[PDB]
Amino acid sequence: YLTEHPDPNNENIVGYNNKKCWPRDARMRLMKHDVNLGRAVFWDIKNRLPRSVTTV
Amino acid sequence: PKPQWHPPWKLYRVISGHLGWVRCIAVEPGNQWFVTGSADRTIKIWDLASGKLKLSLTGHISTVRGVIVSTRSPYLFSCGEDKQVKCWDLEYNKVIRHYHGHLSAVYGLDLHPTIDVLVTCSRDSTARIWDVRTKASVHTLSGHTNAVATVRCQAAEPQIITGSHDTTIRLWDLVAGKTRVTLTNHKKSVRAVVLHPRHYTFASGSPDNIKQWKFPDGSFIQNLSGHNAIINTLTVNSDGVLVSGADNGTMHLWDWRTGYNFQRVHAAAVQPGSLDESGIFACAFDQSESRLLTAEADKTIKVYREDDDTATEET
Amino acid sequence: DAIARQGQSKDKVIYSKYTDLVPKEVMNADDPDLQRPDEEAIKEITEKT
Amino acid sequence: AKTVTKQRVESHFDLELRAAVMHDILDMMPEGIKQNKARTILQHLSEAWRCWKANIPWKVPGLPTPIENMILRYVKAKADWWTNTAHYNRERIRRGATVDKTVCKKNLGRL
Amino acid sequence: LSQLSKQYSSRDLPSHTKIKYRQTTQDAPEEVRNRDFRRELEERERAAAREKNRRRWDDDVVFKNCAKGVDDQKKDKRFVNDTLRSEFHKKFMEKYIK
Amino acid sequence: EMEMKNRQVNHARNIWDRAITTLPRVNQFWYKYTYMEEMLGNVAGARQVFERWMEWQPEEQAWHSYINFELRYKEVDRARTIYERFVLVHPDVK
Amino acid sequence: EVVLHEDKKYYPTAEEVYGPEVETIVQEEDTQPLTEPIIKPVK
C-alpha cells in the first residue's frame, strides 16, 4: 500500500484519523505505524474492493 | 475609408466561480482591484491583477444591478434589484450610507466627476439625483414613459442623460433642477449607453440600432448599425474602439472615427453544461486598454488582450 | 414647420426639419468640435453646480 | 418603503424578474404585435413555474425559440435563486438557529 | 415646491457630515495621470504568470483490486454553471440525504 | 377618426396637422394625409403631403400612390417632375 | 469500463478544454480575509 500510495513522505489524515472528543489528551499524536494503519485501511478497501458497489 | 489602422483585439484570461450571473462590473482607478455585481445577491469583489480575486461582500437583499468606485473616498456606490441603493464604506470593511427615495428597483447608478451626487436609473422610471455626502438627495428625474435603463452625467455643460425603456433616450439638465431634451433617434428601447474619451459626442445603443449623438446643444453624431441583436452594453475605449456586448453572446468591437465598427466578435464563453442563451451581460475596458473584463450571465469574467499582429483588413 | 413648437417652447427642441435625419459629412479631427471646451468651462460649470 | 425581506424579498425578485422580461420580450420582435406580447408573460411565467418546479420539460409546440430560450435562461437563473438560497437555508437549519415552522419545513420540503 | 417639510423620521439624522478626500498614500489623481500602470501591470502579470509551479489471507479473497489509480476523475477545482448537482450539490445532497 | 366624424372637421384637420408635427410613423401620416387630402384641400393637401414625404425619408407605395393620385387629379405635368425627383431620390428598375 | 455509479459524468470537460490557451481561475474558498479591506494603514 505504500508503493500504492503516491507520495514519498507527506501523509494526510487519509482513511482513518482525527479521533478527539472523548480521549482528548489521551489519544495518539501520530506514528509511522499510524501511517501503516492508514495503509491498513487501504488494505481493507482493496481487501474488499467491489467493482460497482457503495463502499466505505 | 477605415483609417487609423484598427488593431485586432483578442483574449487575455478566463475567470469563473461566481454563484450567479454577473449583472455589473467595475474596476479601481489605479487598477489595484476589481469588483462585479452578480445574480447571487452577494456583491462580488475580484482582484484581477494576477488573475486573483479581491473580497466577498454580503448584505445585499437582492442581486446587485450596479456599482461605482468613488475617486475621493473608498466608498463603492451600490445598486441592486432590492431597490435599496447604498454607497458602501470599505474603510471599516463596512458600508457608507444607504440612499432612499427609490420607489422600485434601481436599474443603474452613476457618480458625478466633480460635484458629489448619486445618480440612479430606477425601474419605477425614476432617475434619482441625490445630494449624497450630506445624506441629502438632490432632485427626482421623471418624464420617461418606461423604466430607465441607463444613467450618465458629467461636469461639463448639462449633458445629463438616462437611457429609457420607452425608446426615447432621456436628456436631463440637472443644474437648474431641470432636464435637457428628448432623444427620439432610437426606434426601440435603448439598453446601451457609453461616454467616449473624445467627450464631444455622447454614445448610446439599442437592439434596433445604436444611436450616437453629438452634444451639448442637441446635435447628434452618427447612427451605428450592422449589429442586429439585443444590445446588453456599449463601452468606448481610448484607442477608438467600442465593444458592444449582447445578450446573445456576440460582442462587436467598434471602429468609430472610421464611421463603422472595428470588429464583429462571435465567440462562445459558455461555462459547463448549463448554457441556454446566456450572453455577455457587461464588459469593461482597462485603464491602459490592455485587457477587457468580460462579465457574462454564465458567471465567467474573461479579460481580453491582443497578440500584437499586423492584420488590418478592410471591407 | 413651426407648428411643432406649439405649446410650451423655451430652448431645447432641436427637431423641426428632417435635415437632422442623416448626419453631416463624416467624423473629422478638430480640437473644438471633437474634444471639448477649455478647462475654465468645466471650472465655472463645476463652481456653478 | 419596499423590500421588507422576510418572505417579501422573493416576491419583489419575481416581480422584478417579470419586469425586465417584459422589456426584453418587447425588444425580441422588431415589429410583431403589441397585445400579443402581454399574453406571453403568462405562458412563459407559468411554463417556467411548472417547468422548474416539476420534472416536465414544459415544451410549447411552435414556440418562439429565441423568447423561449431567453425565458428559459432567466428561468434557470430563477431556479438558481431557489437553489443557493435553499443551500443557505439548510445551513441555517442544521447548523444555524431554526426559525418558526413555515419557512423551516418549507425549505426542507423544497430540498 | 416650497412645501412638504413637516416632520422627520429615523435614518434621516445627520450622518457622514464630513466626506473623505483621496489621500496621497492610497490614490493620487496626479500620480494616476502620470502612472506607469500599463508597464506596472505588464510586469506584475509577468512575474505572477512567470513563476507558477506548486500472503495466504490476501489470496483467500474471492475478489481482487477493483478501484485503483482513479483519483483525478473527480475534478478538485471545477466551476460548473449547472447548480443542480455539480461538485457542490453532490456532496451537499449526499450529506443531507442518506 | 372620432374627431373626423364630427361636423366641425376643422379641429380634426388641424389635429391631423398636429399629428404630422408629432410622430409621423410613416403610416398614420401618409394615410391620414391621404384622408384629409381626399376630404378637401386638393392642391394644399398634396403640397403639404409632398413636402412632408419629401422631408423625412422617401417612400415606395405611398410615393407612387401619391404621384398617381396627384397625376390623376388634374394634370401630370407636376407629377412628372415629382416622379423624376422621387425616382432620383431612390433609383431602381421599378 | 463505462462510467462510475455515483460520479459518472454530467456535461464535464466542456469548460476545461474549451480555450486551448485559456487559463480558467475560480476561487470558491477565501479570496483574501476581511482583516484588511484594501484600506490605508494610516494608524
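Residues 56-98, in that order, are what chain G shows, numbered as in Swiss-Prot.
Heads up, the Cβ atoms here are built off N, Cα and C, so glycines get one too.
Per Swiss-Prot, these features apply:
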CROSSLNK  G:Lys64  SUMO1 cross-link
CROSSLNK  G:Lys64  SUMO2 cross-link
MOD_RES   G:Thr86  phosphothreonine
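Taking CA atoms as the reference points, the residue listed as 'phosphothreonine' and the residue listed as 'SUMO1 cross-link' are 29 Å apart. With the fewest other Cβ atoms inside 10 Å of its Cβ, the least crowded of the recorded positions G:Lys64, G:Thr86 in this structure is G:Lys64.
Secondary structure at G:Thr86 (phosphothreonine), taken from DSSP and collapsed to helix, strand or coil, is coil.
Mapped onto three states, the DSSP output places the residue listed as 'SUMO1 cross-link' in coil.
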